[PDB]
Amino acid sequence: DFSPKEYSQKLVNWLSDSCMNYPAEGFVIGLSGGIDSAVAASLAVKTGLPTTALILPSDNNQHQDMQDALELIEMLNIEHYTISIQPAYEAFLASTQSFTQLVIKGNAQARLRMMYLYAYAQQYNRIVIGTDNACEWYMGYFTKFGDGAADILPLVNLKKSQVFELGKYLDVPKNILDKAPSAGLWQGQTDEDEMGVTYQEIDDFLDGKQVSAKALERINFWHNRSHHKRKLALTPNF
């Protein structure tokens, strides 16, 4: 059925109860300047529990995305830290020379962000909010043990269009509502160009609506190759 006001209150209540029962003090989240993290952070703040945002740029990230995240942080009035992952990434990369890719880079960088978030989380007894929505989950458009690694996933049942509706309801900065969804691996990269299918097509597919043959091919391809990303590690039946 979905309406932003009601679904937002249910999520706020579920985050709050989940955090108290965990048990933990509050939340930490990575703020990319994108819509999923903007929405998840806004929801976490409404619980009234301590919420901290990390901004973790690499050199491939855009200044506007940093500024959009900072603007949200100002509006939300939350504790925050901005730390470049680039020096750690560069040291890690250099140290891999004896056995050496853009995807390999993207995945290392996601895992470095996980390390920052869990470092903070352990210091302040927080839980880490993962921002995966239903489209990213189904497509496996996330890094295993990177952005796919979290304690709690408030958006994972939401269509992208529902994420946007929550954004509008929650007064997320306009530029976050209007910008192209992007992993931020290079300037001009967009999720939809990378996937070869639009979010509207994925959402329609999730809804059991007709999509084109090419959309369906891409949806099936992404979903098929990502089965292990969604499940626990394989263990013996003996």
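Residue numbers here begin at 1 and follow the sequence given.
Counting the deposited residues that fall between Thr100 and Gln101 and carry no coordinates gives a value of 4 to 9. In this entry, the higher average B-factor at the C-alpha atoms falls on 162 to 170, of the pair 162 to 170 and 108 to 116.
Stretches 194 to 202 and 27 to 35 differ in mean CA B factor, with 194 to 202 having the higher one. The PDB entry assigns its highest CA temperature factor, among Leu76, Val128, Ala88, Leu155, to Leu76. The residue among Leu70, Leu54, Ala41, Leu185 whose C-alpha carries the highest B-factor in the deposited model is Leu185. When the modelled residues of the chain are ordered by C-alpha B-factor, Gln123 sits in the highest third.
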